[PDB]
file upload.cif (mmCIF, C-alpha atoms and all ligand atoms)
data_data
loop_
_atom_site.label_atom_id
_atom_site.label_comp_id
_atom_site.auth_asym_id
_atom_site.auth_seq_id
_atom_site.Cartn_x
_atom_site.Cartn_y
_atom_site.Cartn_z
CA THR A 1 4.98 -31.14 8.94
CA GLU A 2 3.71 -27.64 8.34
CA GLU A 3 6.99 -25.86 9.02
CA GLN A 4 8.44 -27.45 5.93
CA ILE A 5 5.17 -26.70 4.14
CA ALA A 6 5.62 -23.01 4.91
CA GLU A 7 9.28 -23.14 3.95
CA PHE A 8 8.57 -24.69 0.58
CA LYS A 9 5.70 -22.30 -0.01
CA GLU A 10 7.97 -19.40 0.69
CA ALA A 11 10.38 -21.02 -1.68
CA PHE A 12 7.65 -21.44 -4.31
CA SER A 13 6.48 -17.85 -3.87
CA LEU A 14 10.08 -16.88 -4.52
CA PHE A 15 9.73 -18.27 -7.96
CA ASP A 16 6.07 -17.62 -8.55
CA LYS A 17 5.69 -14.07 -9.84
CA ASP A 18 2.05 -14.19 -10.62
CA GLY A 19 0.44 -16.16 -7.82
CA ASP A 20 -1.68 -18.89 -9.44
CA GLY A 21 0.44 -21.81 -8.20
CA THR A 22 2.17 -22.64 -11.50
CA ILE A 23 5.63 -21.36 -12.29
CA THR A 24 5.93 -20.81 -16.02
CA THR A 25 8.97 -20.59 -18.21
CA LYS A 26 8.41 -16.86 -18.31
CA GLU A 27 8.62 -16.50 -14.61
CA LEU A 28 11.61 -18.87 -14.47
CA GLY A 29 13.50 -16.97 -17.06
CA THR A 30 12.67 -13.65 -15.27
CA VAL A 31 14.31 -15.23 -12.26
CA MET A 32 17.44 -16.25 -14.12
CA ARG A 33 17.57 -12.84 -15.89
CA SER A 34 17.32 -11.18 -12.55
CA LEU A 35 20.28 -13.14 -11.29
CA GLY A 36 22.46 -12.49 -14.33
CA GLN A 37 22.68 -14.72 -17.29
CA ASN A 38 19.54 -15.29 -19.13
CA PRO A 39 18.55 -18.45 -20.94
CA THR A 40 15.94 -18.79 -23.62
CA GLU A 41 12.51 -20.35 -23.38
CA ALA A 42 13.51 -23.77 -24.69
CA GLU A 43 16.12 -24.08 -22.02
CA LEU A 44 13.76 -23.13 -19.26
CA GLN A 45 11.36 -25.69 -20.63
CA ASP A 46 13.96 -28.52 -20.36
CA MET A 47 14.15 -27.63 -16.68
CA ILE A 48 10.39 -27.55 -16.25
CA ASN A 49 9.33 -30.57 -18.24
CA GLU A 50 11.76 -32.81 -16.43
CA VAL A 51 9.84 -32.47 -13.11
CA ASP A 52 6.46 -32.27 -14.71
CA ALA A 53 4.05 -34.88 -13.46
CA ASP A 54 0.78 -33.96 -15.24
CA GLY A 55 2.18 -32.96 -18.56
CA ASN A 56 1.11 -29.34 -18.67
CA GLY A 57 4.45 -27.71 -18.70
CA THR A 58 4.33 -25.52 -15.70
CA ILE A 59 5.76 -26.67 -12.41
CA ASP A 60 3.04 -26.92 -9.79
CA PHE A 61 3.22 -27.05 -5.95
CA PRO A 62 3.13 -30.78 -5.31
CA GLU A 63 5.75 -31.00 -8.10
CA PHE A 64 7.96 -28.36 -6.56
CA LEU A 65 7.58 -30.08 -3.15
CA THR A 66 8.17 -33.64 -4.45
CA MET A 67 11.40 -32.50 -6.18
CA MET A 68 12.93 -30.78 -3.17
CA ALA A 69 11.63 -32.77 -0.23
CA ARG A 70 12.58 -36.30 -1.32
CA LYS A 71 15.98 -37.60 -2.27
CA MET A 72 17.67 -37.63 -5.63
CA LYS A 73 18.80 -40.27 -8.11
CA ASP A 74 22.56 -40.00 -8.09
CA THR A 75 25.12 -38.01 -6.11
CA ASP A 76 23.78 -34.63 -7.23
CA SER A 77 23.13 -33.49 -3.71
CA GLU A 78 26.83 -32.59 -3.58
CA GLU A 79 26.36 -30.40 -6.67
CA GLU A 80 23.35 -28.53 -5.42
CA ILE A 81 25.52 -27.29 -2.54
CA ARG A 82 28.32 -26.27 -4.87
CA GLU A 83 26.01 -24.40 -7.18
CA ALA A 84 24.21 -22.79 -4.30
CA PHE A 85 27.62 -21.65 -3.24
CA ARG A 86 28.52 -20.42 -6.65
CA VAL A 87 25.30 -18.42 -6.91
CA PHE A 88 26.10 -16.70 -3.62
CA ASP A 89 29.82 -16.16 -4.13
CA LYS A 90 30.06 -13.69 -6.99
CA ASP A 91 33.79 -13.57 -7.05
CA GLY A 92 34.48 -17.27 -6.68
CA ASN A 93 37.04 -17.02 -3.96
CA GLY A 94 35.38 -19.32 -1.49
CA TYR A 95 33.80 -16.80 0.86
CA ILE A 96 30.41 -15.21 0.96
CA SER A 97 30.04 -11.64 2.28
CA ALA A 98 27.21 -9.51 3.49
CA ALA A 99 26.97 -7.79 0.19
CA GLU A 100 26.81 -10.94 -1.97
CA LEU A 101 23.99 -11.97 0.34
CA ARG A 102 22.31 -8.74 -0.32
CA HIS A 103 22.82 -9.09 -4.05
CA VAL A 104 21.19 -12.56 -4.37
CA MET A 105 18.36 -11.59 -2.11
CA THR A 106 17.79 -8.45 -4.20
CA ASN A 107 17.75 -10.66 -7.25
CA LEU A 108 15.27 -13.08 -5.95
CA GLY A 109 13.19 -10.31 -4.54
CA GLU A 110 13.54 -9.81 -0.76
CA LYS A 111 13.62 -6.22 0.50
CA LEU A 112 15.62 -6.74 3.66
CA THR A 113 16.07 -4.54 6.65
CA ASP A 114 19.69 -4.52 7.62
CA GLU A 115 18.81 -6.22 10.82
CA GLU A 116 17.63 -9.22 8.93
CA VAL A 117 20.81 -9.23 6.86
CA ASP A 118 22.92 -9.23 10.00
CA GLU A 119 20.67 -11.77 11.70
CA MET A 120 21.16 -14.00 8.63
CA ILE A 121 24.94 -13.80 8.23
CA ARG A 122 25.55 -14.17 11.97
CA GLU A 123 23.56 -17.29 11.93
CA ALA A 124 25.58 -18.70 9.04
CA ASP A 125 29.00 -17.66 10.30
CA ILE A 126 30.29 -20.02 12.95
CA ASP A 127 33.69 -18.64 13.69
CA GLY A 128 33.37 -14.88 13.57
CA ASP A 129 35.11 -13.46 10.44
CA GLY A 130 31.84 -12.52 9.01
CA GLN A 131 32.18 -14.61 5.82
CA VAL A 132 30.43 -17.89 5.09
CA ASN A 133 32.81 -20.58 3.85
CA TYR A 134 31.88 -24.04 2.51
CA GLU A 135 31.94 -25.90 5.78
CA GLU A 136 29.64 -23.25 7.35
CA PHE A 137 27.33 -23.59 4.39
CA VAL A 138 27.11 -27.38 4.57
CA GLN A 139 26.17 -27.04 8.18
CA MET A 140 23.39 -24.69 7.10
CA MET A 141 22.05 -26.32 3.93
CA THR A 142 22.09 -30.02 4.71
CA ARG B 1 16.51 -20.04 9.20
CA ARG B 2 13.54 -19.04 7.08
CA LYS B 3 15.05 -16.45 4.76
CA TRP B 4 18.09 -18.62 4.06
CA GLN B 5 16.01 -21.71 3.61
CA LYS B 6 13.50 -20.24 1.07
CA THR B 7 16.40 -19.19 -1.08
CA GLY B 8 18.07 -22.49 -0.42
CA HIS B 9 15.18 -24.71 -1.51
CA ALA B 10 15.06 -22.23 -4.38
CA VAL B 11 18.63 -22.07 -5.47
CA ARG B 12 19.35 -25.80 -5.28
CA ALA B 13 16.44 -26.31 -7.66
CA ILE B 14 18.17 -23.98 -10.09
CA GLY B 15 21.49 -25.80 -9.60
CA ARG B 16 20.22 -29.29 -10.11
CA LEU B 17 18.16 -28.82 -13.21
CA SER B 18 20.93 -26.78 -14.78
CA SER B 19 24.12 -28.67 -13.95
CA CA C 1 2.68 -18.11 -12.09
CA CA C 2 2.77 -29.58 -13.82
CA CA C 3 33.00 -13.40 -2.37
CA CA C 4 33.15 -17.66 8.90
#
call {"tool": "encode", "arguments": {"input": "upload.cif", "output": "structure tokens", "more": "lines below"}}
Ligand SMILES: [Ca+2]
Ligand SMILES: [Ca+2]
Ligand SMILES: [Ca+2]
Ligand SMILES: [Ca+2]
result
Amino acid sequence: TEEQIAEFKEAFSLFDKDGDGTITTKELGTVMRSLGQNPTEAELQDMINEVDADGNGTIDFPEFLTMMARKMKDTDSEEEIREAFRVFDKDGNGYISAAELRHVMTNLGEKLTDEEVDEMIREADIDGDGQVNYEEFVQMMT
Amino acid sequence: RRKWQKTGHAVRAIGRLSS
């Protein structure tokens, strides 16, 4: 329903710098660059033109949504989790903090109040150590 | 939910096209 529509739009708007509805290689690279390591154009195009359903070379909203909302080909759903985890965990120890959280959300472009940060980590963290491990993450991101 | 999930639908989409 609409709740997923909103949640994929917020996700899209996380990418989409200039709000026409098409995420370009420019914008995509700007994202990557913001996170840390920075590919070139060609390499952001390989990413784009895989999904691309028209053949225009920017990823559009029903192309974003059909990639994320449906299932995959192989077993790669296991690897999305992993890589989501390795984007969050900057150290690579197995445990996400409040600060790593803040870092990625900085990088994507949320300007959080520290309430929202707390509200977020306390909803992730099951036990009560205040760090998100893999099993707490799987429970979150299905 | 919603601030994790936006990021999560986001970040997976990085992971999968990359890896
Ligand atoms: Ca755009
Ligand atoms: Ca397209
Ligand atoms: Ca860590
Ligand atoms: Ca924990």
call {"tool": "atom_distance", "arguments": {"input": "upload.cif", "atom1": "atom CA of residue 13 of chain A", "atom2": "atom CA of residue 35 of chain A"}}
result
16.4 Å
call {"tool": "residues_near_ligand", "arguments": {"input": "upload.cif", "ligand": "ligand CA 3 (chain C)", "cutoff": "8 Å", "atoms": "all atoms listed in the file", "output": "MDAnalysis selection string"}}
result
chainID A and resid 88:97 100
call {"tool": "residues_near_ligand", "arguments": {"input": "upload.cif", "ligand": "ligand CA 4 (chain C)", "cutoff": "7 Å", "atoms": "all atoms listed in the file", "output": "PyMOL selection string"}}
result
chain A and resi 125-133+136
call {"tool": "closest_residue", "arguments": {"input": "upload.cif", "among": "A:25, A:30, A:66, A:1", "to": "residue 46 of chain A", "atoms": "only C-alpha atoms"}}
result
A:25
call {"tool": "atom_distance", "arguments": {"input": "upload.cif", "atom1": "atom CA of residue 42 of chain A", "atom2": "atom CA of residue 110 of chain A"}}
result
27.7 Å
call {"tool": "decode", "arguments": {"input": "upload.cif", "residues": "segment 66-103 of chain A", "atoms": "N, CA, C and O atoms", "output": "short mmCIF file (atom, residue, chain, number, x, y, z; two decimals), in the first residue's frame"}}
result
data_model
loop_
_atom_site.label_atom_id
_atom_site.label_comp_id
_atom_site.auth_asym_id
_atom_site.auth_seq_id
_atom_site.Cartn_x
_atom_site.Cartn_y
_atom_site.Cartn_z
N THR A 66 10.38 -1.12 -8.58
CA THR A 66 10.40 -2.48 -9.02
C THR A 66 11.67 -3.17 -8.66
O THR A 66 11.63 -4.37 -8.37
N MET A 67 12.84 -2.54 -8.47
CA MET A 67 14.04 -3.20 -8.02
C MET A 67 14.00 -3.57 -6.58
O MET A 67 14.50 -4.62 -6.17
N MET A 68 13.41 -2.76 -5.69
CA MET A 68 13.52 -2.96 -4.28
C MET A 68 12.39 -3.77 -3.74
O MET A 68 12.52 -4.55 -2.80
N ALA A 69 11.21 -3.78 -4.38
CA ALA A 69 9.97 -4.15 -3.77
C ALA A 69 9.72 -5.60 -4.05
O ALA A 69 9.12 -6.27 -3.21
N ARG A 70 10.23 -6.14 -5.17
CA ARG A 70 10.09 -7.47 -5.67
C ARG A 70 11.27 -8.27 -5.21
O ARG A 70 12.23 -7.72 -4.67
N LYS A 71 11.30 -9.58 -5.51
CA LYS A 71 12.44 -10.36 -5.13
C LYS A 71 13.50 -10.36 -6.18
O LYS A 71 13.39 -9.85 -7.30
N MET A 72 14.68 -10.87 -5.80
CA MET A 72 15.82 -11.00 -6.65
C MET A 72 15.85 -12.26 -7.44
O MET A 72 15.05 -13.18 -7.23
N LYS A 73 16.84 -12.39 -8.33
CA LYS A 73 17.33 -13.54 -9.03
C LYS A 73 17.88 -14.59 -8.12
O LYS A 73 17.21 -15.50 -7.65
N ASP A 74 19.16 -14.46 -7.73
CA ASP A 74 19.79 -15.45 -6.90
C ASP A 74 19.63 -15.20 -5.44
O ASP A 74 18.56 -14.82 -4.97
N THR A 75 20.69 -15.45 -4.65
CA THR A 75 20.72 -15.47 -3.22
C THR A 75 21.17 -14.18 -2.63
O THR A 75 21.39 -14.05 -1.43
N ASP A 76 21.30 -13.13 -3.46
CA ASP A 76 21.84 -11.83 -3.19
C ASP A 76 21.19 -11.03 -2.11
O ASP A 76 21.79 -10.03 -1.70
N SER A 77 19.99 -11.45 -1.67
CA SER A 77 19.39 -10.90 -0.49
C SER A 77 20.13 -11.01 0.79
O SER A 77 19.95 -10.30 1.78
N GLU A 78 21.06 -11.99 0.89
CA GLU A 78 21.95 -12.27 1.97
C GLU A 78 23.03 -11.25 2.02
O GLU A 78 23.50 -10.76 3.04
N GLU A 79 23.53 -10.84 0.84
CA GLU A 79 24.56 -9.90 0.52
C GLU A 79 24.24 -8.44 0.56
O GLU A 79 25.09 -7.61 0.87
N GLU A 80 22.96 -8.09 0.35
CA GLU A 80 22.44 -6.80 0.67
C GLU A 80 22.52 -6.51 2.13
O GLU A 80 23.02 -5.48 2.57
N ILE A 81 22.14 -7.43 3.02
CA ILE A 81 22.25 -7.30 4.44
C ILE A 81 23.64 -7.05 4.93
O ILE A 81 23.91 -6.01 5.52
N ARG A 82 24.58 -7.96 4.59
CA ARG A 82 25.99 -7.81 4.73
C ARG A 82 26.57 -6.47 4.45
O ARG A 82 27.31 -5.89 5.24
N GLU A 83 26.26 -5.95 3.24
CA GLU A 83 26.79 -4.74 2.70
C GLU A 83 26.11 -3.55 3.29
O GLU A 83 26.75 -2.52 3.45
N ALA A 84 24.81 -3.65 3.65
CA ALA A 84 24.22 -2.70 4.54
C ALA A 84 24.87 -2.57 5.87
O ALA A 84 25.35 -1.50 6.25
N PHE A 85 25.24 -3.73 6.45
CA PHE A 85 26.04 -3.81 7.63
C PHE A 85 27.43 -3.27 7.53
O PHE A 85 27.94 -2.60 8.42
N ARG A 86 28.10 -3.52 6.39
CA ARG A 86 29.40 -2.96 6.23
C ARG A 86 29.46 -1.53 5.82
O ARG A 86 30.51 -0.89 5.79
N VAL A 87 28.31 -0.87 5.56
CA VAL A 87 28.24 0.52 5.25
C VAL A 87 28.12 1.18 6.58
O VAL A 87 28.85 2.09 6.96
N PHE A 88 27.27 0.66 7.48
CA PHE A 88 27.07 1.14 8.81
C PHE A 88 28.25 0.99 9.71
O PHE A 88 28.79 1.92 10.30
N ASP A 89 28.87 -0.20 9.80
CA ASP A 89 29.97 -0.47 10.67
C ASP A 89 31.25 -0.07 10.03
O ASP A 89 31.70 -0.67 9.05
N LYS A 90 31.83 1.06 10.47
CA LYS A 90 32.96 1.71 9.88
C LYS A 90 34.25 1.05 10.19
O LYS A 90 35.18 1.01 9.39
N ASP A 91 34.27 0.44 11.39
CA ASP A 91 35.40 -0.30 11.87
C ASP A 91 35.55 -1.64 11.25
O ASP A 91 36.58 -2.00 10.68
N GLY A 92 34.43 -2.39 11.20
CA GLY A 92 34.28 -3.75 10.81
C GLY A 92 34.60 -4.64 11.97
O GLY A 92 35.48 -5.48 11.81
N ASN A 93 33.89 -4.43 13.09
CA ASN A 93 34.10 -5.28 14.22
C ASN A 93 32.91 -6.15 14.43
O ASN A 93 33.02 -7.18 15.09
N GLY A 94 31.74 -5.70 13.94
CA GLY A 94 30.55 -6.48 14.06
C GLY A 94 29.50 -5.68 14.77
O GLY A 94 28.50 -6.32 15.09
N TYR A 95 29.69 -4.40 15.13
CA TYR A 95 28.80 -3.76 16.05
C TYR A 95 28.68 -2.34 15.62
O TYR A 95 29.64 -1.62 15.33
N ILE A 96 27.42 -1.90 15.43
CA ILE A 96 27.15 -0.55 15.05
C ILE A 96 26.80 0.23 16.27
O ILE A 96 26.00 -0.20 17.10
N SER A 97 27.41 1.42 16.43
CA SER A 97 27.25 2.44 17.42
C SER A 97 26.24 3.49 17.10
O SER A 97 25.55 3.37 16.08
N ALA A 98 26.16 4.49 17.98
CA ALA A 98 25.37 5.67 17.77
C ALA A 98 25.96 6.70 16.87
O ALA A 98 25.35 7.56 16.25
N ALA A 99 27.30 6.64 16.83
CA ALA A 99 28.11 7.54 16.06
C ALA A 99 28.20 7.11 14.64
O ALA A 99 28.06 7.97 13.77
N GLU A 100 28.46 5.83 14.31
CA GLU A 100 28.40 5.28 13.00
C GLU A 100 27.11 5.54 12.30
O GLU A 100 27.05 5.93 11.13
N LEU A 101 25.97 5.32 12.97
CA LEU A 101 24.66 5.80 12.68
C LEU A 101 24.60 7.22 12.25
O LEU A 101 24.28 7.58 11.12
N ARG A 102 25.14 8.08 13.15
CA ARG A 102 25.19 9.46 12.80
C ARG A 102 25.95 9.81 11.57
O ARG A 102 25.55 10.68 10.80
N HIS A 103 27.11 9.15 11.39
CA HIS A 103 27.96 9.26 10.24
C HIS A 103 27.29 8.93 8.96
O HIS A 103 27.27 9.79 8.08
#
